[PDB]
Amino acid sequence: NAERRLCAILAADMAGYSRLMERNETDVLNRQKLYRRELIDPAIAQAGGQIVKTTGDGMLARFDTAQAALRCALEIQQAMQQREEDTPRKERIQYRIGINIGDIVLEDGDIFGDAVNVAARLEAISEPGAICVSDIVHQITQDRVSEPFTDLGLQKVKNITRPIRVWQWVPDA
């Protein structure tokens, strides 16, 4: 029924647009529906990945190589910079993205393990429009990608005793 493998996990969520604005932002919510369909979902497929699920926590996808997770996120984040550049800053749609690696368990279209929790957390602390990757991901990908990353220091993650060293890339702006 269920297996263990080494996997590249990618978590993503949408930044911004607080529900406390007490307003239905149908225009903005329709744009993101569009990007998911035209930008994200495609880049992920092109890159060999599979979406595992989208939940209240956001979306979770997995890849066979660390490289493919990362080029996929870079592909997404760089296009989003272009796609939203003629929209004013405080109104732009931006995603956050985290990527990690680990032995995790798969079982019935869902994934399990610390390493997944860590991808999710990376997404949450990532800055909007950027990509945060764990140190493991960084040691493997640093030389495969021209884009630069910056050490962010240690990050404690709920129910993981050992904190993780987190590297971040932000777009040229």
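The first residue of the sequence shown is number 1, and the count goes up from there.
Peer 1: Would you determine, from the values in the PDB entry, which of 21-29 and 5-13 has the greater average C-alpha temperature factor?
Peer 2: Between 5-13 and 21-29, it is 21-29.
Peer 1: For the higher mean C-alpha B factor in the entry, choose 46-54 or 120-128.
Peer 2: Between 46-54 and 120-128, it is 46-54.
Peer 1: According to the Cα B-factor stored in this entry, which of the following is highest: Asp135, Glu38, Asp110, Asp114?
Peer 2: If I rank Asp135, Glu38, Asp110, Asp114 by C-alpha B-factor, first place goes to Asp110.
Peer 1: Would you check the entry's CA temperature factor for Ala61 and let me know if it's in the chain's lowest, middle or highest third?
Peer 2: For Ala61, the deposited C-alpha B-factor lands in the middle third.
Peer 1: Could you say whether, by C-alpha temperature factor, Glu75 belongs to the lowest, middle or highest third of its chain?
Peer 2: As the PDB entry reports it, the C-alpha B-factor of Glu75 lands in the lowest third of its chain.
Peer 1: Based on the entry's values, in what third of the chain does the Cα temperature factor of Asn100 lie: lowest, middle or highest?
Peer 2: Ranked within chain, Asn100 CA B lands in the lowest tercile.
Peer 1: Tell me, lowest, middle or highest third: where does the Cα B factor of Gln155 rank within its chain?
Peer 2: For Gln155, whose C-alpha B-factor we compare with every modelled residue in the chain, the answer is the middle third.
Peer 1: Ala68's Cα B-factor: lowest, middle or highest third of the chain?
Peer 2: Lowest third - that is where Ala68 ends up once the chain's C-alpha B-factors are sorted.
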